[PDB]
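Chain by chain, the residues run as shown.
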Amino acid sequence: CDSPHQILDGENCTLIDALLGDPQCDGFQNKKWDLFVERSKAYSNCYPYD
Amino acid sequence: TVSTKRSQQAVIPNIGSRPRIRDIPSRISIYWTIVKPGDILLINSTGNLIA
Ligand SMILES: *[C@@H]1O[C@H](CO)[C@@H](O[C@@H]2O[C@H](CO)[C@@H](O[C@@H]3O[C@H](CO)[C@@H](O)[C@H](O)[C@@H]3O)[C@H](O)[C@H]2NC(C)=O)[C@H](O)[C@H]1NC(C)=O
Ligand SMILES: *[C@@H]1O[C@H](CO)[C@@H](O[C@@H]2O[C@H](CO)[C@@H](O[C@@H]3O[C@H](CO)[C@@H](O)[C@H](O)[C@@H]3O)[C@H](O)[C@H]2NC(C)=O)[C@H](O)[C@H]1NC(C)=O
């Protein structure tokens, strides 16, 4: 349930890929949130990194 | 260089004297790497590797 806490769905992005800005994760740019929800479907599409 | 598709480990050998144990003043540092299924371990070395 979304209403009480600001939910931000990660979809195909991890929190890190959004922070670094994997081009597919450009929608999450500058977005604040109360709860991020990393998905299991989420992949990383850009440069290999650890 | 011991590397996996998920992570990478790299170590440089540090030369120098160590107090001799069993008449052997050299030493060995041991590391470990776990490879999940569907991933591939690869080793790159130019020296001092005890694979
Ligand atoms: C999040 O990631 C998933 C999986 O990478 C995305 O689902 C995939 O979306 C693409 C298009 O965005 C689909 O490609 C197209 O599929 C249709 C229907 O099969 C086909 O007619 C086209 O030729 C093309 O292949 C892809 O099929 C779909 N994957 C699955 C398993 O359905 C999703 O779109 C991503 N969402 C976001 C916001 O990034
Ligand atoms: C730097 O300092 C270390 C510490 O002293 C040196 O290691 C020591 O080297 C001497 C060489 O004479 C070793 O003595 C040996 O003792 C055995 C004991 O059985 C004997 O059989 C040999 O004939 C010899 O006398 C000593 O064991 C060794 N280790 C220690 C803890 O003293 C080292 O040689 C110095 N130099 C360099 C370049 O590292």
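All residue numbers start from 1 on each chain and follow the order of its written sequence rather than the entry's numbering, and residues without coordinates are excluded. Naming scheme: in the order in which they are written, chains are lettered from A and ligands are numbered from 1. A larger assembly contains the chains shown, yet all values here describe just the shown part. The basis for every side-chain value is the complete set of heavy atoms in the structure, and neither hydrogens nor water enter the calculation. Residues with missing side-chain atoms are left out of burial classes, side-chain pairs and their counts.

For this deposited structure, the header cites X-ray crystallography as the method used and 3.993 Å as the resolution.

A.B. asks: What should I look at first to understand the environment of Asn12 of chain A in this one?
C.D. replies: Residue and element names in this part refer to chain A. Helix and strand assignments follow DSSP, with helices taken as H or I runs no shorter than four residues and strands as E runs no shorter than two, numbered in order from the N terminus. Within the secondary structure layout, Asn12 lies in the loop between β1 (7-9) and α1 (15-20). Between the C-alpha atoms of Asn12 and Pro23, which are 11 residues apart in sequence, the distance is 11 Å. Every residue pair with non-hydrogen atoms within 4.5 Å of one another is taken to be in contact. In this structure, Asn12 is in contact with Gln24, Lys41, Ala42 and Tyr43, ignoring residues within four places of it in sequence.

A.B. asks: Mind showing me how you'd approach the state of the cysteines here?
C.D. replies: Joining two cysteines, a disulfide is a covalent bond between their sulfur atoms. Residue and element names in this part refer to chain A. In plain terms, two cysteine sulfur atoms within 2.5 Å form what is called a disulfide here. Counted according to the given criterion, the structure contains 1 disulfide over all chains. Two residues share a disulfide in this structure: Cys13 and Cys25, whose sulfurs sit 2.0 Å from each other. Sign of the S-S torsion, about -95° for the bond between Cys13 and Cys25, identifies this disulfide as left-handed. Taken together, the positions of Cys13 in the loop between β1 and α1 and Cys25 in the loop between α1 and β2 (35-37) put the pair 12 residues apart, joining distant regions of the chain. Relative accessibility under 20% of the residue-type maximum defines a buried residue, over 50% an exposed one, and the middle range a partly exposed one, all with a 1.4 Å probe and only protein chains included. Judged by its relative accessible area of 2%, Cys13 is buried.

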